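Report on the structure given below.
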Amino acid sequence: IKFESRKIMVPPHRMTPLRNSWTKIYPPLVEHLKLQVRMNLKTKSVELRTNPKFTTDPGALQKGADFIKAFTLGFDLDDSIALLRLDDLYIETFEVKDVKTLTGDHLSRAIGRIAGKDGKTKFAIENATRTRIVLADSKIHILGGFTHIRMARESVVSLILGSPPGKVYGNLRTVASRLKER
Amino acid sequence: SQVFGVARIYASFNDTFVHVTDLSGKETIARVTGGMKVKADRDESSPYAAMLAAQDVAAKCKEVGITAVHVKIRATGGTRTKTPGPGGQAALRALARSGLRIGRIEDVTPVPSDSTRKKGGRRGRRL
Amino acid sequence: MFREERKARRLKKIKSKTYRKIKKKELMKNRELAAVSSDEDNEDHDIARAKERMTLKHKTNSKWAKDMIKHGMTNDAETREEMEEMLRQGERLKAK
Amino acid sequence: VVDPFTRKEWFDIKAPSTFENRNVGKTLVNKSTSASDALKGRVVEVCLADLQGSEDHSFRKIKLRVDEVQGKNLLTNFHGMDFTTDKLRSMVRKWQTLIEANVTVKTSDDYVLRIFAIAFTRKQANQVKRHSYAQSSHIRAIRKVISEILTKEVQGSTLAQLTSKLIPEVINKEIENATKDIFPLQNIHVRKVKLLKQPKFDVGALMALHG
Amino acid sequence: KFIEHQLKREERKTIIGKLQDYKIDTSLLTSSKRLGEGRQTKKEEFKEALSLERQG
Amino acid sequence: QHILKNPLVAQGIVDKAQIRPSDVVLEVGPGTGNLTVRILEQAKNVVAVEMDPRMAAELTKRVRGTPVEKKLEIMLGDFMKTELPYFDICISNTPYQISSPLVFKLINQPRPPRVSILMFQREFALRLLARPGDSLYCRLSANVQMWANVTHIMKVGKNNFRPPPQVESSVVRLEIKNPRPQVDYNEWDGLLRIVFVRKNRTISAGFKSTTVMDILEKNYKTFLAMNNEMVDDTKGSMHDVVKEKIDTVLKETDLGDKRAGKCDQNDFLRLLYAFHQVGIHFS
Amino acid sequence: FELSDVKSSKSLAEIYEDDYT
Amino acid sequence: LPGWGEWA
RNA sequence: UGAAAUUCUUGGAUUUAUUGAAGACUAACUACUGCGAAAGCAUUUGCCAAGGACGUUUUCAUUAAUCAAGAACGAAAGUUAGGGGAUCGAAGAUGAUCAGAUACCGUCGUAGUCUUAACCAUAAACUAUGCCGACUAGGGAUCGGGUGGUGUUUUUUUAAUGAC
RNA sequence: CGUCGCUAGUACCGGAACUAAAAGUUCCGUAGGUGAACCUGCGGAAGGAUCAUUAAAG
Ligand SMILES: [Mg+2]
Ligand SMILES: [Mg+2]
Ligand SMILES: [Mg+2]
Ligand SMILES: [Mg+2]
Ligand SMILES: [Mg+2]
Ligand SMILES: [Mg+2]
Ligand SMILES: [Mg+2]
């Protein structure tokens with residue numbers, strides 16, 4: 001184990017939650033992962049370092065940095081904490097304009113279609129595909145297993161292309177069966 | 001006592017490239033892909049394929065003399081997605097576990113100021 | 001203040017009958033469950049019944065209703081519902 | 001039938017004397033049959049943090065071109081400068097105006113180059129308005145001031161002197177002091193430096209730079 | 001309409017006769033179906049190369 | 001799949017087929033057999049092509065124990081892949097997916113039917129029936145009018161079919177011309193294809209394309225080779241010769257400034273003859 | 001069988017742990 | 001807060 | 001690709017690095033905020049004229065509103081004659097035709113997409129809402145101008161301006 | 001347990017021999033269409049379901 005460092009710049013809009021969630025973020029990194037944690041208030045970037053005498057797992061530093069990045073993108077703390085717990089969790093990321101060049105009201109309505117009324121539509125994809133989705137304006141981030149995120153991605157893409165929520169909800173249910181069956 | 005390399009990771013939808021080169025970049029040290037480590041074309045893009053490619057490059061780099069690498073992750077970019085996929089992330093994770101020191105991480109995905117039309121068309125693509 | 005302005009501004013542009021219809025029904029349930037609306041005293045009912053008799057605003061002699069009747073627009077189910085809701089609303093006011 | 005690395009052979013690179021840490025790693029190339037021809041024209045890009053040993057410069061990179069070879073030592077020269085993409089994406093934010101200027105100008109050494117500078121509007125200490133948009137007239141005045149400045153430093157300096165100005169980011173402070181009255185600004189930076197054309201090769205000027 | 005149609009029929013018959021005067025085979029001639037391609041693989045290039053060799 | 005249920009339209013189809021008592025009928029897409037039982041009633045014998053083995057089994061069950069049982073014959077396979085027997089009349093309500101190819105097969109049968117009654121999608125039927133100068137006049141119209149004559153029998157509605165489709169339908173009559181005109185299929189199709197890329201532009205514009213020029217040059221070189229006259233075969237040897245041949249023929253035929261959509265059979269025939277005169281062979 | 005349309009009380013850590021066990 | 005601004 | 005297959009590839013594909021050429025388009029800043037009669041309008045700088053609002057104790061004195069006739073402009077697509085032709089791409093060709101959440105996928109790609117000189121005058125050209133004028137509620141946000149303050153910051157000599 | 005079959009193969013002069021054979025979303029304008037129960041290109045509309053975070057020159 002060698003002395004190493006990471007630098008993850010947290011955007012301004014995620015600063016206050018980080019101040020909110022700080023009491024629950026350094027314990028797992030400094031105890032279980034045995035890592036040395038800070039941020040530079042001047043640079044507003046959370047700095048994470050491998051402590052050679054105490055850190056033991058070679059992959060802890062990358063695991064911690066990725067855990068931070070999940071929180072930075074907008075994922076809830078408990079959702080991000082799983083990345084520390086597990087080792088096969090990844091983040092899929094893409095924008096609306098990649099699927100279709102939607103502008104003005106068309107872009108806004110496409111976002112509304114993904115989220116659904118009261119967030120129901122996003123939650124169905126969340127539950128059915130066993131993933132988590134953060135919809136940041138036209139920027140979509142999906143966290144989950146590699147097979148799972150691909151399944152969640154297409155349901156989002158179908159909604160972007162114009163598939164009504166109702167039929168997407170039905171397709172999610174057929175997919176939900178095969179997940180429990182396997 | 002420390003020799004630095006450059007590990008360029010190109011995470012596509014259908015494949016992942018683990019290409020470690022020299023600091024200048026003209027000289028290739030080792031190139032391993034998801035396809036070379038996997039039997040099915042479907043599973044080339046998977047993190048598992050990326051994981052195997054990393055150790056094979058990692059083992060090769062140690063043999064040559066390289067002990068550390070500067071990571072340069074990137075995606076297909078251009079008119080397509082700008083964010084590296086899970087394949088790139090797993091390769092980055094694997095290099096860290098491989099024991100090779102990593103110097104700096106930066107994304108160099110080709111981002112256009114303004115680009116040509118996307119292949120999808122007006123109705124979209126990626127059903 | 002900006003945030004409600006962006007949200008309120010965006011909700012304004014959506015004028016779909018279905019979307020507004022669902023929003024009202026959720027709103028009416030919440031008011032009824034929360035009992036936000038004060039109970040009507042008998043006098044208030046009399047005043048309300050006074051207006052309805054004194055005008056007869058909620059019968060098919062109105063301009064909108066008469067137009068639909070005379071041109072076969074009420075054979076369609078949705079418009080007939082929009083007529084029926086109006087008539088029962090009048091009948092509610094007529095109740096003693 | 002041959003492992004290339006049997007015929008590959010290592011050189012070590014040395015940076016100009018403008019930078020504190022001259023040791024910037026090592027490169028390889030096939031052994032001469034020559035190696036010098038392949039070695040010349042080689043460009044290596046490295047962060048300022050490594051060369052100056054200070055993390056204040058972690059978001060800045062220099063491209064250095066190999067220009068001479070001597071006894072396994074690759075003497076290089078300044079070729080370009082740039083910022084990290086993550087830095088730029090962190091900089092650009094909503095509810096503020098982006099002011100970008102570019103100037104094509106030649107140094108006293110007949111080194112033709114192009115400088116791109118970026119600046120942002122900022123809200124005052126007591127401001128209650130959400131945003132800090134600046135009127136187009138202010139935008140034009142600030143751009144003119146930046147252009148006049150950058151031209152002034154570049155014309156009256158050498159390329160090595162230009163780098164010695166770039167490292168202490170004095171030019172950014174000069175821009176900040178010049179544009180202070182027009183409109184308050186934040187995050188004033190020399191975003192990028194391109195080297196368009198080069199003068200005729202002069203090995204003595206490079207030996208002097210490398211000591 | 002009928003009489004113009006009859007004249008058109010006669011003219012068509014004359015042209016078709018003069019067409020039988022000028023007739024050849026079509027196996028070797030490239031079809032116009034290729035107008036959209038605008039670029040060709042090696043496989044056809046070998047096929048064309050073999051074809052022109054057979055012609056001489 | 002969609003099934004017709006109006007008996008009157010089926011009766012009209014079978015009646016206007018005008019099946020003589022000594023005729024053999026190729027009845028494509030037999031369906032439940034509503035058409036088939038009537039056609040068996042007034043036909044020498046009927047040959048039927050079925051994609052679905054179950055559905056043909058239902059047909060056999062329907063016709064079993066009937067006087068017309070011996071007449072019917074059923075073929076199981078793909079209509080296009082099958083090699084067919086001689087037939088005098090073709091009556092089909094086949095899925096329109098094979099509509100365009102079907103016609104040409106009927107046209108290219110070794111002994112073509114004298115009369116066929118075919119059901120198509122409305123737009124396709126109109127394009128078949130389109131005349132020169134019409135908006136929907138296209139390559140299909142010119143080709144089929146070379147090899148046949150197409151007329152309109154009925155407009156068949158959406159409601160008649162269940163489940164209702166998303167487009168109207170129609171029934172038309174096709175009559176293949178006997179004797180067949182003695183014009184090569186390939187040359188005619190090639191000329192029309194080159195000219196109908198944009199039917200409302202000048203023919204000269206159609207020939208201005210670089211790929212068209214390349215194809216015509218290669219064909220000219222091949223024609224010279226067949227005539228035993230030597231040829232260089234380099235890429236741009238005859239470009240200046242083919243271009244001037246094309247300009248001269250287009251000017252002399254007076255067809256250079258006439259749009260493809262407004263040109264009839266005889267104009268195209270004149271153009272073909274002139275091109276053969278000057279030595280250019282299209283397909 | 002009906003799909004939940006509300007936030008899962010279980011964190012994704014917890015649902016994946018259920019998946020293993 | 002531990003680690004807000006100093007090594008923890 | 002759901003898996004394949006046309007496709008390119010030991011003459012080195014894909015990927016890496018130093019360049020060069022061609023034609024489009026102006027990301028992030030970007031906000032139904034700004035301008036324009038509408039259609040529409042987003043890189044820097046210069047030139048040409050044009051315009052709304054504001055200030056005015058300047059000037060003319062009904063010169064005005066609406067508008068058949070008649071005229072200017074009119075997204076995208078499209079036509080005539082040149083130029084250009086990178087990307088995408090109607091048409092056409094071709095690989096595969098196995099499996100229904102991934103069921104229309106792939107490759108080549110003519111016309112077009114760009115520009116010059118004229119035609120065509122159509123859109124859910126939408127606030128599905130003619131134009132002018134008067135009156136009829138509270139509130140605080142934003143854009144442009146103007147007025148007031150013995151308000152903050154800057155002018156790091158003052159100040160005066162600029163920004164709040 | 002016998003005979004000839006049928007499928008594959010080997011030889012021989014239709015015939016006559018040998019071996020093997022685990023199966024039973026809704027549209028508008030324009031332009032096109034030759035596997036058209038409909039597709040496709042360009043521009044436009046909602047007459048289409050807004051959840052989370054968000055002063056970090058803090
Ligand atoms: Mg603006
Ligand atoms: Mg206006
Ligand atoms: Mg005025
Ligand atoms: Mg042209
Ligand atoms: Mg006009
Ligand atoms: Mg509009
Ligand atoms: Mg008014």
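Chains: A, B, ... in order of the structure tokens. Residues: from 1 per chain. Ligands: from 1, in order shown.
Residues of protein, DNA or RNA having any atom at most 10 Å from ligand 3, counting only C-alpha atoms (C1' of nucleotides) and all ligand atoms, are residues 51, 52, 53 and 54 of chain I.
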Inset, instruction - Could you tell me, as a ChimeraX atom specification, which residues of segment 50-112 of chain D DSSP assigns to helix (DSSP H, G or I) when given the backbone? - result: /D:50-52,55-57,85-91
Residues from last step as file, C-alpha atoms, as a compact mmCIF listing (two decimals), in the first residue's frame:
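To be explicit, this is the file written out as part_35.txt:
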```
# COMPACT_ATOMS: atom_id res chain seq x y z
CA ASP D 50 4.63 18.33 -10.98
CA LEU D 51 7.03 20.92 -12.39
CA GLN D 52 6.58 23.52 -9.62
CA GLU D 55 -0.90 21.96 -5.84
CA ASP D 56 -2.06 25.53 -6.49
CA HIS D 57 -1.26 24.74 -10.14
CA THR D 85 -11.46 20.21 -18.55
CA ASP D 86 -12.83 19.61 -15.06
CA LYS D 87 -11.54 23.01 -13.98
CA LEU D 88 -13.35 24.72 -16.85
CA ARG D 89 -16.60 22.85 -16.20
CA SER D 90 -16.39 23.82 -12.53
CA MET D 91 -15.81 27.45 -13.54
```
Legend entry - Nearest to chain A by atom-to-atom distance, counting only C-alpha atoms (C1' of nucleotides), from I:113, I:63, I:102, I:6: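 Using only C-alpha atoms (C1' of nucleotides), chain A sits closest to I:102.
Between atom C1' of residue 130 of chain I and atom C1' of residue 74 of chain I lies a distance of 19.3 Å.
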Inset, instruction - Give as a ChimeraX atom specification the residues surrounding ligand 1 up to a distance of 9 Å, considering only C-alpha atoms (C1' of nucleotides) and all ligand atoms. - result: /D:133,135-136 /I:30,33-34,42
Inset, instruction - Collect all residues with atoms no farther than 9 Å from ligand 4, counting only C-alpha atoms (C1' of nucleotides) and all ligand atoms, and output them as a ChimeraX atom specification. - result: /F:205 /I:81-83
Chain I near ligand 6 within 10 Å: what's each residue's closest atom pair and its distance in Å to one decimal, counting only C-alpha atoms (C1' of nucleotides) and all ligand atoms, ordered by chain then ascending residue number, as CSV?
```
residue,atom,partner,partner_atom_place_in_ligand_line,distance
I:38,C1',ligand 6,1 (Mg),9.5
I:39,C1',ligand 6,1 (Mg),8.0
I:40,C1',ligand 6,1 (Mg),8.4
I:75,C1',ligand 6,1 (Mg),8.1
I:123,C1',ligand 6,1 (Mg),9.6
I:124,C1',ligand 6,1 (Mg),10.0
I:125,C1',ligand 6,1 (Mg),6.6
I:126,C1',ligand 6,1 (Mg),7.9
```
Legend entry - Interface residues on chain A facing chain C, 10 Å, only C-alpha atoms, written as a list in words: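 Filtering chain A at 10 Å from chain C with only C-alpha atoms gives residues 105, 108, 109 and 117 of chain A.
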Inset, instruction - Do a neighbour search on residue 102 of chain D at 10 Å with only C-alpha atoms (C1' of nucleotides), toss out local chain neighbours closer than 4 positions, and write the hits as a PyMOL selection string. - result: (chain D and resi 114-118+143+146-147+150+190-193) or (chain I and resi 44)
Once you have the residues from the selection above, write them out as a PDB file, in the first residue's frame, restricted to C-alpha atoms (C1' of nucleotides).
```pdb
ATOM      1  CA  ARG D 114      -2.353  32.998 -29.471  1.00  0.00           C
ATOM      2  CA  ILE D 115      -3.650  33.646 -25.947  1.00  0.00           C
ATOM      3  CA  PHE D 116      -7.189  32.858 -24.787  1.00  0.00           C
ATOM      4  CA  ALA D 117      -8.339  34.517 -21.555  1.00  0.00           C
ATOM      5  CA  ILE D 118     -11.591  33.913 -19.675  1.00  0.00           C
ATOM      6  CA  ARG D 143     -12.755  42.506 -23.761  1.00  0.00           C
ATOM      7  CA  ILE D 146      -8.031  42.400 -21.845  1.00  0.00           C
ATOM      8  CA  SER D 147      -6.869  42.445 -25.465  1.00  0.00           C
ATOM      9  CA  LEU D 150      -2.354  40.735 -23.279  1.00  0.00           C
ATOM     10  CA  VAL D 190      -5.354  32.924 -19.043  1.00  0.00           C
ATOM     11  CA  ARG D 191      -7.303  29.926 -20.306  1.00  0.00           C
ATOM     12  CA  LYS D 192      -5.008  28.738 -23.085  1.00  0.00           C
ATOM     13  CA  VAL D 193      -1.798  29.426 -24.990  1.00  0.00           C
TER      14      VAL D 193
ATOM     15  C1'   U I  44     -14.275  38.388 -31.909  1.00  0.00           C
TER      16        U I  44
END
```
Legend entry - Non-local contacts of residue 26 of chain D (8 Å; only C-alpha atoms (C1' of nucleotides); under 6 positions in same chain excluded) as a VMD selection string: (chain B and resid 3 to 4 23) or (chain D and resid 10 to 13)
Go ahead and save the residues from that selection, with N, CA and C atoms, as a PDB file, in the first residue's frame.
```
ATOM      1  N   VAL B   3       9.094   5.544 -12.640  1.00  0.00           N
ATOM      2  CA  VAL B   3       8.866   5.797 -14.058  1.00  0.00           C
ATOM      3  C   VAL B   3       7.369   5.941 -14.288  1.00  0.00           C
ATOM      4  N   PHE B   4       6.979   7.005 -14.982  1.00  0.00           N
ATOM      5  CA  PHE B   4       5.580   7.338 -15.201  1.00  0.00           C
ATOM      6  C   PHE B   4       5.155   6.938 -16.606  1.00  0.00           C
ATOM      7  N   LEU B  23       4.890   8.801 -21.876  1.00  0.00           N
ATOM      8  CA  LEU B  23       4.460  10.156 -21.534  1.00  0.00           C
ATOM      9  C   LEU B  23       4.229  10.994 -22.782  1.00  0.00           C
TER      10      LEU B  23
ATOM     11  N   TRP D  10      15.934   3.885 -23.502  1.00  0.00           N
ATOM     12  CA  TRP D  10      15.352   4.950 -22.697  1.00  0.00           C
ATOM     13  C   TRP D  10      16.189   6.230 -22.726  1.00  0.00           C
ATOM     14  N   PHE D  11      15.501   7.361 -22.902  1.00  0.00           N
ATOM     15  CA  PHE D  11      16.027   8.704 -22.675  1.00  0.00           C
ATOM     16  C   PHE D  11      15.238   9.365 -21.558  1.00  0.00           C
ATOM     17  N   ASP D  12      15.864  10.335 -20.896  1.00  0.00           N
ATOM     18  CA  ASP D  12      15.232  11.126 -19.848  1.00  0.00           C
ATOM     19  C   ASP D  12      15.070  12.567 -20.319  1.00  0.00           C
ATOM     20  N   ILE D  13      13.952  13.184 -19.953  1.00  0.00           N
ATOM     21  CA  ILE D  13      13.587  14.508 -20.443  1.00  0.00           C
ATOM     22  C   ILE D  13      13.989  15.542 -19.406  1.00  0.00           C
TER      23      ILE D  13
END
```
Legend entry - Pairwise distance for atom CA of residue 114 of chain A and atom CA of residue 8 of chain C, rounded to one decimal in Å: 19.5 Å
Inset, instruction - Have a look at atom CA of residue 119 of chain F and atom CA of residue 92 of chain F and let me know their distance in Å, one decimal. - result: 6.4 Å
Contacts of ligand 7, 12 Å or closer, only C-alpha atoms (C1' of nucleotides) and all ligand atoms, given as a PDB file with N, CA and C atoms (P, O5', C5', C4', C3', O3' and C1' of nucleotides), in the first residue's frame:
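Generated output (pocket-v4.pdb):
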```
ATOM      1  P     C I 131     -54.604  42.080 -31.730  1.00  0.00           P
ATOM      2  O5'   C I 131     -54.728  43.529 -32.371  1.00  0.00           O
ATOM      3  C5'   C I 131     -54.000  43.856 -33.543  1.00  0.00           C
ATOM      4  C4'   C I 131     -54.466  45.154 -34.147  1.00  0.00           C
ATOM      5  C3'   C I 131     -54.617  46.324 -33.194  1.00  0.00           C
ATOM      6  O3'   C I 131     -53.389  46.921 -32.823  1.00  0.00           O
ATOM      7  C1'   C I 131     -56.506  46.218 -34.584  1.00  0.00           C
ATOM      8  P     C I 132     -53.187  47.466 -31.324  1.00  0.00           P
ATOM      9  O5'   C I 132     -54.054  48.799 -31.284  1.00  0.00           O
ATOM     10  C5'   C I 132     -53.767  49.864 -32.175  1.00  0.00           C
ATOM     11  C4'   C I 132     -54.761  50.990 -32.051  1.00  0.00           C
ATOM     12  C3'   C I 132     -55.031  51.508 -30.653  1.00  0.00           C
ATOM     13  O3'   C I 132     -54.009  52.354 -30.162  1.00  0.00           O
ATOM     14  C1'   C I 132     -57.070  51.275 -31.816  1.00  0.00           C
ATOM     15  P     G I 133     -53.736  52.441 -28.581  1.00  0.00           P
ATOM     16  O5'   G I 133     -55.093  53.030 -27.996  1.00  0.00           O
ATOM     17  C5'   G I 133     -55.498  54.353 -28.307  1.00  0.00           C
ATOM     18  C4'   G I 133     -56.786  54.721 -27.618  1.00  0.00           C
ATOM     19  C3'   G I 133     -56.890  54.353 -26.150  1.00  0.00           C
ATOM     20  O3'   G I 133     -56.185  55.234 -25.295  1.00  0.00           O
ATOM     21  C1'   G I 133     -58.887  53.755 -27.246  1.00  0.00           C
ATOM     22  P     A I 134     -55.776  54.757 -23.817  1.00  0.00           P
ATOM     23  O5'   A I 134     -57.138  54.846 -23.003  1.00  0.00           O
ATOM     24  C5'   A I 134     -57.784  56.095 -22.824  1.00  0.00           C
ATOM     25  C4'   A I 134     -59.058  55.950 -22.037  1.00  0.00           C
ATOM     26  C3'   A I 134     -58.940  55.226 -20.709  1.00  0.00           C
ATOM     27  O3'   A I 134     -58.423  56.049 -19.679  1.00  0.00           O
ATOM     28  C1'   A I 134     -60.828  54.426 -21.882  1.00  0.00           C
ATOM     29  P     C I 135     -57.552  55.408 -18.493  1.00  0.00           P
ATOM     30  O5'   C I 135     -58.631  54.668 -17.589  1.00  0.00           O
ATOM     31  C5'   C I 135     -59.713  55.390 -17.022  1.00  0.00           C
ATOM     32  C4'   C I 135     -60.811  54.472 -16.551  1.00  0.00           C
ATOM     33  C3'   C I 135     -60.428  53.461 -15.488  1.00  0.00           C
ATOM     34  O3'   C I 135     -60.409  54.026 -14.188  1.00  0.00           O
ATOM     35  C1'   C I 135     -61.731  52.412 -17.167  1.00  0.00           C
ATOM     36  P     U I 136     -59.668  53.264 -12.988  1.00  0.00           P
ATOM     37  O5'   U I 136     -60.409  51.858 -12.914  1.00  0.00           O
ATOM     38  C5'   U I 136     -61.665  51.728 -12.266  1.00  0.00           C
ATOM     39  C4'   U I 136     -62.077  50.284 -12.156  1.00  0.00           C
ATOM     40  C3'   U I 136     -61.071  49.386 -11.468  1.00  0.00           C
ATOM     41  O3'   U I 136     -61.168  49.478 -10.063  1.00  0.00           O
ATOM     42  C1'   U I 136     -61.871  48.333 -13.438  1.00  0.00           C
TER      43        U I 136
END
```
Legend entry - Env. residues ligand 5 / 12 Å / only C-alpha atoms (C1' of nucleotides) and all ligand atoms / as a ChimeraX atom specification: /I:71-74,118-121
Writing out the chosen residues with N, CA, C and O atoms (P, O5', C5', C4', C3', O3' and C1' of nucleotides) as a PDB file, in the first residue's frame:
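Saved to selection.pdb:
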```pdb
ATOM      1  P     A I  71     -49.704  44.177 -56.796  1.00  0.00           P
ATOM      2  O5'   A I  71     -48.704  44.716 -55.680  1.00  0.00           O
ATOM      3  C5'   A I  71     -47.460  45.293 -56.047  1.00  0.00           C
ATOM      4  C4'   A I  71     -46.811  46.027 -54.900  1.00  0.00           C
ATOM      5  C3'   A I  71     -45.906  45.208 -53.996  1.00  0.00           C
ATOM      6  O3'   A I  71     -44.622  44.977 -54.549  1.00  0.00           O
ATOM      7  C1'   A I  71     -47.330  46.530 -52.672  1.00  0.00           C
ATOM      8  P     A I  72     -43.890  43.559 -54.348  1.00  0.00           P
ATOM      9  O5'   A I  72     -43.181  43.688 -52.929  1.00  0.00           O
ATOM     10  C5'   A I  72     -42.050  44.528 -52.761  1.00  0.00           C
ATOM     11  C4'   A I  72     -41.603  44.583 -51.323  1.00  0.00           C
ATOM     12  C3'   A I  72     -41.279  43.249 -50.674  1.00  0.00           C
ATOM     13  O3'   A I  72     -39.986  42.774 -51.006  1.00  0.00           O
ATOM     14  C1'   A I  72     -42.645  44.513 -49.226  1.00  0.00           C
ATOM     15  P     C I  73     -39.744  41.209 -51.274  1.00  0.00           P
ATOM     16  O5'   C I  73     -39.813  40.555 -49.825  1.00  0.00           O
ATOM     17  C5'   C I  73     -38.795  40.809 -48.872  1.00  0.00           C
ATOM     18  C4'   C I  73     -39.188  40.350 -47.491  1.00  0.00           C
ATOM     19  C3'   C I  73     -39.484  38.870 -47.324  1.00  0.00           C
ATOM     20  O3'   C I  73     -38.330  38.055 -47.243  1.00  0.00           O
ATOM     21  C1'   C I  73     -41.173  40.112 -46.270  1.00  0.00           C
ATOM     22  P     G I  74     -38.396  36.531 -47.751  1.00  0.00           P
ATOM     23  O5'   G I  74     -39.542  35.871 -46.867  1.00  0.00           O
ATOM     24  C5'   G I  74     -39.337  35.591 -45.492  1.00  0.00           C
ATOM     25  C4'   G I  74     -40.578  35.008 -44.872  1.00  0.00           C
ATOM     26  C3'   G I  74     -41.013  33.660 -45.425  1.00  0.00           C
ATOM     27  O3'   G I  74     -40.357  32.579 -44.787  1.00  0.00           O
ATOM     28  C1'   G I  74     -42.857  35.137 -45.403  1.00  0.00           C
ATOM     29  P     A I 118     -31.785  38.673 -57.634  1.00  0.00           P
ATOM     30  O5'   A I 118     -32.671  37.482 -58.200  1.00  0.00           O
ATOM     31  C5'   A I 118     -34.080  37.586 -58.299  1.00  0.00           C
ATOM     32  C4'   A I 118     -34.610  36.667 -59.369  1.00  0.00           C
ATOM     33  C3'   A I 118     -35.991  36.086 -59.119  1.00  0.00           C
ATOM     34  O3'   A I 118     -37.030  36.974 -59.483  1.00  0.00           O
ATOM     35  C1'   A I 118     -34.517  34.356 -59.761  1.00  0.00           C
ATOM     36  P     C I 119     -38.493  36.790 -58.855  1.00  0.00           P
ATOM     37  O5'   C I 119     -38.935  35.347 -59.358  1.00  0.00           O
ATOM     38  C5'   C I 119     -40.097  34.726 -58.841  1.00  0.00           C
ATOM     39  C4'   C I 119     -40.230  33.308 -59.328  1.00  0.00           C
ATOM     40  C3'   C I 119     -41.259  32.464 -58.598  1.00  0.00           C
ATOM     41  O3'   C I 119     -42.578  32.671 -59.072  1.00  0.00           O
ATOM     42  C1'   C I 119     -39.232  31.262 -58.755  1.00  0.00           C
ATOM     43  P     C I 120     -43.757  33.033 -58.044  1.00  0.00           P
ATOM     44  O5'   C I 120     -43.974  31.690 -57.217  1.00  0.00           O
ATOM     45  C5'   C I 120     -44.399  30.499 -57.863  1.00  0.00           C
ATOM     46  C4'   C I 120     -44.285  29.305 -56.949  1.00  0.00           C
ATOM     47  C3'   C I 120     -44.986  29.429 -55.605  1.00  0.00           C
ATOM     48  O3'   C I 120     -46.366  29.119 -55.683  1.00  0.00           O
ATOM     49  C1'   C I 120     -42.788  28.610 -55.283  1.00  0.00           C
ATOM     50  P     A I 121     -47.469  30.221 -55.306  1.00  0.00           P
ATOM     51  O5'   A I 121     -47.280  30.435 -53.741  1.00  0.00           O
ATOM     52  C5'   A I 121     -47.408  29.343 -52.837  1.00  0.00           C
ATOM     53  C4'   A I 121     -47.235  29.781 -51.404  1.00  0.00           C
ATOM     54  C3'   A I 121     -48.178  30.890 -50.946  1.00  0.00           C
ATOM     55  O3'   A I 121     -48.476  30.720 -49.560  1.00  0.00           O
ATOM     56  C1'   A I 121     -45.956  31.620 -50.722  1.00  0.00           C
TER      57        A I 121
END
```
Inset, instruction - For segment 92-101 of chain B, work out the shell of residues within 7 Å, counting only C-alpha atoms (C1' of nucleotides) and skipping chain neighbours fewer than 5 positions away, then give it as a ChimeraX atom specification. - result: /A:58-59,62 /B:51,54-55,58,67-69
Distance filter 10 Å, only C-alpha atoms (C1' of nucleotides), chain D against chain J, as a PDB file with C-alpha atoms, in the first residue's frame:
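The file below, result-v9.pdb, is the result:
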```
ATOM      1  CA  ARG D 122     -19.432  38.284  -9.846  1.00  0.00           C
ATOM      2  CA  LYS D 123     -22.039  39.554  -7.423  1.00  0.00           C
ATOM      3  CA  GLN D 124     -21.034  42.209  -4.920  1.00  0.00           C
ATOM      4  CA  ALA D 125     -20.863  41.554  -1.190  1.00  0.00           C
ATOM      5  CA  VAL D 128     -29.351  40.819  -3.349  1.00  0.00           C
ATOM      6  CA  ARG D 130     -29.693  36.505  -7.942  1.00  0.00           C
ATOM      7  CA  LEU D 185     -15.113  40.072 -12.000  1.00  0.00           C
ATOM      8  CA  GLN D 186     -14.020  36.705 -10.616  1.00  0.00           C
ATOM      9  CA  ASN D 187     -11.886  33.751 -11.700  1.00  0.00           C
TER      10      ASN D 187
END
```
